[PDB]
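Coordinates in review
Read off the chains here:
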Amino acid sequence: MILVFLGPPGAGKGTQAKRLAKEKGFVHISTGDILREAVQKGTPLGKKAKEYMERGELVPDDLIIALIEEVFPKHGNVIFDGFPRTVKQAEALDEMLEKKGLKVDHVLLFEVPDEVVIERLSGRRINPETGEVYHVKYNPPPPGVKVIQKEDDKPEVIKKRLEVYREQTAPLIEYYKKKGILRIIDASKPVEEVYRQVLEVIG
Ligand SMILES: Nc1ncnc2c1ncn2[C@@H]1O[C@H](COP(=O)(O)OP(=O)(O)O)[C@@H](O)[C@H]1O
Ligand SMILES: Nc1ncnc2c1ncn2[C@@H]1O[C@H](COP(=O)(O)OP(=O)(O)O)[C@@H](O)[C@H]1O
């Protein structure tokens, strides 16, 4: 099974992807996590992607498409989490899969209002070492666990990221709807409730 998680930043896509991958045996492909590792290591990809990420812009398509070609699991179930982010990327994904006799089985759209998005992101805190994600209100980190607020989770960059999502990424909703594989998730609900719906639509 191949899944794509789609939705505004802060919808809880990474949270649900980690849970589902761990519990039901999927390989989790997070372009965000992979890019952040590239940046930390200072690879050619990391050094180029960094400035786009910092401004809240998308990293150029060719770089992301090559990344996916490099890391795509040959066998097994896969959750694509944060990819594709543009129509060009979605078309590239379809081509790659078609050549391998595969396809995207379900696209899950994590619906959540803008006001909730902003609250999700402004309260997001991460363990900079482990990448573990917390929220100051809805899932506070234990004391004596070092966390930070990511620079791209500050108000100005959040605004930019939502604009970029609406302009470049939201068209994928219609792209996948017309393939007949789109499923709607109410991602505004608490974590366990969202996870139950995730399990429902793929069962
Ligand atoms: N598929 C992609 N195409 C272009 N840029 C990406 C992609 N995935 C991640 N990025 C870059 O990494 C940043 C953070 O990505 P991600 O971790 O998926 O988002 P979020 O902050 O919503 O959890 C994005 O704002 C973008 O700059
Ligand atoms: N259902 C939920 N209710 C409240 N907070 C959530 C929920 N899901 C995730 N979060 C928190 O919201 C923020 C965004 O979650 P994340 O998984 O990083 O979103 P995305 O990957 O879609 O950008 C994180 O701080 C996370 O702890």
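Residues numbered from 1 in each chain as written, not as in the entry; some residues may be left out. Chains lettered and ligands numbered in written order. Heavy atoms only, no water.

For this entry, the PDB record names X-ray crystallography as the structure determination method and reports a resolution of 1.73 Å.

Some words on the pattern of salt bridges
Taken as a whole and judged by the stated rule, the model has 10 salt bridges. Measuring nitrogen to oxygen at the nearest pair gives 2.5 Å for the salt bridge that ties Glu54 to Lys50. Of the two residues, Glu54 and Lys50 both sit in helix α3 (residues 44-55), four residues apart, roughly one turn of that helix. Of the charged contacts, one joins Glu119 and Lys137 as a salt bridge, the two residues approaching to 4.0 Å between their closest N and O atoms. Of the two residues, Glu119 is situated in helix α6 (residues 114-122) and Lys137 in the loop between β6 (133-135) and α7 (155-169); the sequence distance between them amounts to 18 residues. Overall, the relative accessible area of 36% leaves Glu119 in the partly exposed class. For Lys137, a relative accessible area of 55% corresponds to the exposed category. (Salt bridge = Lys/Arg side-chain N within 4 Å of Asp/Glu carboxyl O. Helix = DSSP H or I, 4+ residues; strand = E, 2+ residues; numbered from the N terminus. Buried < 20%, exposed > 50% of the residue type's maximum accessible area, 1.4 Å probe, protein only.)

Details of the site of ligand 1
In the vicinity of ligand 1 lie 16 residues, with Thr31, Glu57, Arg85, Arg124 and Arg161 positioned nearest. In this structure, a nitrogen atom belonging to ligand 1 sits 2.8 Å away from a side-chain N or O atom of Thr31. Within the backbone of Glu57, one N or O atom sits 2.6 Å away from an oxygen atom of ligand 1. Ranked by the residues each element gives to the shell around ligand 1, the list is headed by helix α2 (residues 31-41), at four residues. (Near = heavy atom within 4 Å. Polar contact = N/O pair within 3.5 Å; in protein donor to acceptor, adjacent residues only side chain to side chain.)

Quick look at the UniProt feature "binding site: AMP" in the chain
Under the UniProt annotation, "binding site: AMP" lies at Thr31, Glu57, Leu58, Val59, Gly82, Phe83, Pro84, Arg85, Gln89 and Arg161. The annotated residues contributing to the lining of the largest cavity are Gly82, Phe83, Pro84 and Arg85. Turning to its location among the elements, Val59 is positioned in the loop between α3 and α4 (61-71). Owing to a relative accessible area of 8%, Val59 belongs among the buried residues under this scheme. For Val59, the contacting residues outside a window of four places in its chain are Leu35, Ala49, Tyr52, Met53, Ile64 and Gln89. Its location among the elements puts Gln89 in helix α5 (residues 87-99). (UniProt positions renumbered as here; feature names shortened; annotations may be inferred. 1 Å grid on protein atoms, 1.4 Å probe; cavity = no way out; pocket = protein on both sides within 12 Å on 5 of 7 lines; lining within 4 Å. Contact = heavy atoms within 4.5 Å.)

Examining empty space enclosed by the protein
In this structure the tally under the stated criterion is one cavity of 30 Å³ or more. The wall of the largest cavity is formed by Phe5, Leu6, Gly7, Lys13, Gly82, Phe83, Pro84, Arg85 and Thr169. Classifying every residue of the lining of the largest cavity by side-chain character gives four nonpolar, three polar and two charged. (Points joined across faces, edges and corners; volume = space filled by probe spheres on them. Nonpolar A, V, L, I, M, F, W, Y, C, P; charged D, E, K, R; others polar.)

What to know about the site of ligand 2
With respect to spatial proximity, 16 residues lie near ligand 2, and among them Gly10, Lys13, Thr15, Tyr134 and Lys189 are the closest. Measuring from a nitrogen atom of ligand 2, one finds a backbone N or O atom of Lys189 at 2.8 Å. Taking 560 Å² as the accessible area of ligand 2 by itself, protein coverage stands at 91%. Mapped onto the shell around ligand 2, the elements with two or more residues apiece are α1 (13-24) and β6. (Areas by Shrake-Rupley, 256 points an atom, 1.4 Å probe, with all protein chains shown as cover.)

Quick notes on the nonpolar core
Among the nonpolar cores identified, the biggest contains 29 residues, and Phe80, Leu93, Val104, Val107 and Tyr176 are the most heavily contacted of them. Those elements that provide at least two residues to this core are β1 (2-6), α3, α4, β3 (78-81), α5, β4 (106-111) and α8 (171-177). At four residues, the largest contribution of residues to this core is made by α5. Ignoring sequence-local partners within four residues, the contact set of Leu93 consists of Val4, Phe80, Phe83, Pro84, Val104 and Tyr176. By size, the runner-up hydrophobic cluster in this structure holds 22 residues, among which are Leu3, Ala11, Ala17 and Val198. (Core = buried A, V, L, I, M, F, W, Y, C linked by side-chain atoms within 4.5 Å.)

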